[PDB]
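Asks: Can you read through this structure? Questions will come right after.
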Amino acid sequence: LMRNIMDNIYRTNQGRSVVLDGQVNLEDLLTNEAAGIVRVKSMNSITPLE
Amino acid sequence: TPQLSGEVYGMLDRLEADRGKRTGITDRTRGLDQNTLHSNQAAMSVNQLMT
């Protein structure tokens, strides 16, 4: 239960390239499997991606 | 004569939203809550979703 709580804290709170739909090879493959800092897909508008 | 359809409006809206995506991901750079208050779901948005 505590591990899944920490998973909720950690994984479920990750931002991304914020592509509305996009193709962008899955947004540069989720920004090279990191989704840390990349949002360049084409022109995607504001989407928090919760 | 030929006309430019709503696609021009579409990618102008997309680019106007994308202006800050390369530096200012923070949506609208400022907050505005006069009708919708802060959400209270799980410890009030822990760690700002890793900021």
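Quick note: the coordinates plus some simple rules give every number you see, no bench work behind them. Using ideal geometry, Cβ is built from the backbone for each residue, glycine included, and neighbour counts are taken over all protein chains shown.
Asks: Along the three principal axes, how long is chain B when you take its alpha carbons, biggest first, rounded to the nearest angstrom?
Replies: Principal-axis extents of the Cα atoms in chain B, largest first: 59, 27, 18 Å.
Asks: What do you get for Rg/Rh over chain A if you use C-alpha atoms and the Kirkwood form of Rh?
Replies: Value, to two decimals: 1.07.
Asks: Using only Cα atoms, find the angle between the long axis of helix B:7-18 and the longest principal axis of chain B, and express it within 0 to 90 degrees, rounded to the nearest 10.
Replies: 30
Asks: A follow-up question, please. Considering amide H positions built from the backbone, and no H for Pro or chain starts, which residues 5 or more places from A:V40, or on another chain, come under 5 Å of its amide H?
Replies: Those qualifying (amide H under 5 Å, at least 5 residues apart or on another chain) number zero.
Asks: Each residue of region A:38-50 in turn: what ³J(HN,Hα) in whole Hz from Karplus with 6.51, -1.76, 1.60 and θ = phi - 60°, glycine and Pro shown as x?
Replies: Whole-Hz 3J(HN,Hα) from phi for region A:38-50: 7, 8, 9, 4, 10, 8, 4, 7, 6, 9, x, 6, 7.
Asks: Name the shape class, rounded, prolate or oblate, that the alpha-carbon gyration tensor gives for the protein assembly as shown, where a ≥ b ≥ c are the square roots of its eigenvalues, rounded holds for a/c under 1.5, and otherwise prolate holds if a/b is larger than b/c and oblate otherwise. Write out the running numbers ahead of the final one.
Replies: Details: a/c = 2.79, a/b = 1.59, b/c = 1.75.
Oblate.
Asks: Which order do B:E7, B:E16 fall in if you start with the one that has the fewest other Cβ atoms within 10 Å? All intermediate terms of the calculation are to be shown ahead of the outcome.
Replies: Working: B:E7 8, B:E16 11.
Exposure proxy ranking, most exposed first: B:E7, B:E16.
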